[PDB]
Structure formats: C-alpha cells, structure tokens
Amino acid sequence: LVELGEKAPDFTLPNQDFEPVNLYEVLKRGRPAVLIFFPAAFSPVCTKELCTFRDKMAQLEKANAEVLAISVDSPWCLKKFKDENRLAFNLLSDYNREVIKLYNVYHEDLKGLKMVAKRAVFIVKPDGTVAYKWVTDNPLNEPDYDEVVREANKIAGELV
C-alpha cells in the first residue's frame, strides 16, 4: 500500500528510449520525485461533454523535482508522445502492469481495456516518503498541474 507518509516502493521501468529507470536511484539524485500516472497517451481530457487535447502536462517542467509520467503504453508510443509535446521529463512504460499494481493505481476495465493506469499523482522525498498523493477514478479528469507544481516546489523547498 502507498499513502501520505508511507515510504514509496522502489521499482524500475523503461523510458521512451528503453533506458531502465530505478526510483530510488532517482531520489538518490537529490531532488524530490513527482510520479504521474495516466491511462493512455494520445488520449483526450474532457468535462461534461467538452473533450480536447489541451493537456497542460508540460507545465510539470516548472517543478523543481524529477518528473516521471507513467502509463502502460509502450516505449515507442511514449517516445512518440514525448517528442510531439516537447516534454522535457521522462515517460516510463509500465507495459507489464507492474508498477500500477505496486502503487494500486489501476482501472480494472476502462472502456473495455483491462488494467489501465488510473490518473494518480505522487510526490516522493529524496528519502522515500510519500509527501503528496492524489487519485481519481474519473479518467477524463485532467489534474491541476499548476497545483502539483506548487506542492512539488513546496516539498522541494522543504529540504531547503
């Protein structure tokens, strides 16, 4: 289990370029780690009815932490996604549904698709403790990235 306080579970996933990425090895870099889980790339964000691809996810680049977006999509796909949105951070592929299970942030069956990453957000301190956590069961529910950026910088400034 993972929730406010508890220590975040280590893990390793491939990024857009198939380079393995270990969580603790990243926390070991000095800055906090922002983990963002999302259903699927090239997927729109909606409201009551209005759906668009206006995803301000690139604003997480403003945060003073190592951002790690994670979805069950493949590296080749995420790589495509990363390049098209000129995203500066890394996108990890949980193609084998490992992590989404480890962090208990998965949709049993979304629109027919089974085992999809839920929209979740975790901020882990350089030691390994979950300083922040946000999750919704509504997939078309885009997060407040500006928000996560604040909390991220807050937590970052915390370690002074």
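The first residue of the sequence shown is number 1, and the count goes up from there.
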Read off the CA B-factors in the entry, average them over 105-113 and over 62-70, and name the higher stretch.
105-113
Per the entry's values, where does residue 95 land by CA temperature factor relative to the rest of its chain, in the lowest, middle or highest third?
middle
By the record's CA B-factor, is residue 137 among the lowest, middle or highest third of residues in the chain?
highest
Tell me, lowest, middle or highest third: where does the Cα B factor of residue 130 rank within its chain?
middle
Per the entry's values, where does residue 17 land by CA temperature factor relative to the rest of its chain, in the lowest, middle or highest third?
lowest
Please place residue 45 in the lowest, middle or highest third of its chain by C-alpha B factor as given in the entry.
highest
